[PDB]
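Remember, it's 1-based here, ligands and their atoms both numbered in the order they're listed. Positions are given from 1 along the sequence. Every heavy atom of this structure was used, including side-chain atoms; hydrogens, water molecules and symmetry mates were not.
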Amino acid sequence: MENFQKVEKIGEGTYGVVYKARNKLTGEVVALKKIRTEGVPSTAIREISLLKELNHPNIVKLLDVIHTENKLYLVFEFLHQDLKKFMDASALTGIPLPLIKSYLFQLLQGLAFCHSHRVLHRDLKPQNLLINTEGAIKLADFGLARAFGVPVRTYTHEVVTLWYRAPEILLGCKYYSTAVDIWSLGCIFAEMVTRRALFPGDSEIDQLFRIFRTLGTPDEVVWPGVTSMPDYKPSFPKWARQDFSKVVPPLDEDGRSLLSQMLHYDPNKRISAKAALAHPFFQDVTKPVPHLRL
Ligand SMILES: Nc1nc(N)nc(-c2ccccc2O)n1
């Protein structure tokens, strides 16, 4: 659009490509997400438009929902770096625990906020978590899955990230809950700590089995109703559960306890964002300044 002097493409998401752009007139720098065709659901436009009203320090502000020329663009406030890039940049030394704690605490505040407003993310991953020089971290692209639905393949063909998908989704549950976001965040927490993805599945079944090999194959005792899930198969191998001390070393017991509650199989037992904020792990939380190289 001629309203911008486009700076560059900065990444690609499940629901569309993201660009950095500068308003030729206002000079404002923003993130522009181009949503990908038939007739563009009218239901979704109003739903996504309602997200412009969300205001929280830990949620990337949705400035505008542009529906012109029969195209859909989301205009977001711009942050300079995503968590995936920061984790890669911090891979040699690791992100200091106080910063990991600060980021997790903030992310839980953002999730607690969205969930209380009946907004789910459903596709949380390091790539859509953004950070700034002031130590803040924010979640972007909330409520897109509920509004549009869910693709399967990108026009550019990009290996969809299954690494952060909750088990109930992988087992074919049709009715997601806020618990799926807690699961994704738990996976991200683990990754910040170990500097390695927790469950790096290559396929949907490999993703599920990686979860099973670590947390044990779920059964009716730990997850009532699991054997009746749409894609559950009695033929699934039965793996014994591992110890978290082996999963996220050298995280302390407060952190392991919190992570274990975020990774409960049963969405109904999985800790809520609000309850997580009260966990002892956050007793000494602070807000450190990250070492950001832009
Ligand atoms: N890959 C990526 N990189 C930066 N620096 N920002 C974003 C971004 C994505 C959505 C909303 C706001 C944003 O800054 N996305």
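Of all protein heavy atoms, the one lying nearest to atom 10 (C) of ligand 1 is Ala140 CB, 4.0 Å. Residue, atom and distance of the protein heavy atom nearest to atom 13 (C) of ligand 1 are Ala31 CB, 3.6 Å. The protein atom (non-hydrogen) at minimum distance from atom 3 (N) of ligand 1 is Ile10 CD1, 3.7 Å.
For atom 14 (O) of ligand 1, the nearest non-hydrogen atom from the set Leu294, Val75, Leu62, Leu79 comes from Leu79. Considering each of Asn128, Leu63, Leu130, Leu139, the one bringing a non-hydrogen atom nearest atom 7 (C) of ligand 1 is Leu130.
Within ligand 1, the atoms closer than 4.0 Å to a non-hydrogen atom of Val18 are 9 (C), numbered from 1 in the order shown. Below 4.0 Å from some heavy atom of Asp82 lie the following atoms of ligand 1, by number and element: 1 (N). Taking a cut-off of under 4.0 Å to the non-hydrogen atoms of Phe78, the atoms of ligand 1 that pass are 5 (N), 14 (O). Against a heavy-atom cut-off of under 4.0 Å, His80 is close to the following atoms of ligand 1: 5 (N).
Under a 4.0 Å N-O distance rule, the pair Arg210/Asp206 qualifies as a salt bridge.
Side chains of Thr227 and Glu220: a donor-acceptor N/O pair is present below 3.5 angstrom, by distance only. A donor-acceptor contact closer than 3.5 angstrom is absent between the side chains of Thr133 and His80. Side-chain contact, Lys61 with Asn55: a donor N or O sits under 3.5 Å from an acceptor N or O. If you check the side chains of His264 and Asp266, you find no donor sitting under 3.5 Å from an acceptor.
Heavy atoms of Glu77 approach ligand 1 to within less than 4.0 angstrom.
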Set out, in order, the CA-CA distance, both residues' side-chain angles and the distance that settles salt bridge (charged side-chain N to carboxylate O under 4.0 Å, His left out) for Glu2 and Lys24, then state yes or no. CA-CA 8 Å; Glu2 302 298 305; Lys24 292 184 180 176; 3.4 Å; yes
Could you walk me through whether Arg153 and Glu158 pass the salt bridge (charged side-chain N to carboxylate O under 4.0 Å, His left out) check? CA-CA 7 Å; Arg153 284 192 175 186; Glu158 299 168 53; over 6 Å; no
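Between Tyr265 and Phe212, the ring planes lie perpendicular to each other; the angle is over 60°, past the 30° to 60° tilted range.
With a heavy-atom cut-off of 4.0 Å, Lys33 does not touch ligand 1 at all.
Close N/O approach between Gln127 and ligand 1 is not found [any backbone or side-chain N/O within under 3.5 Å].
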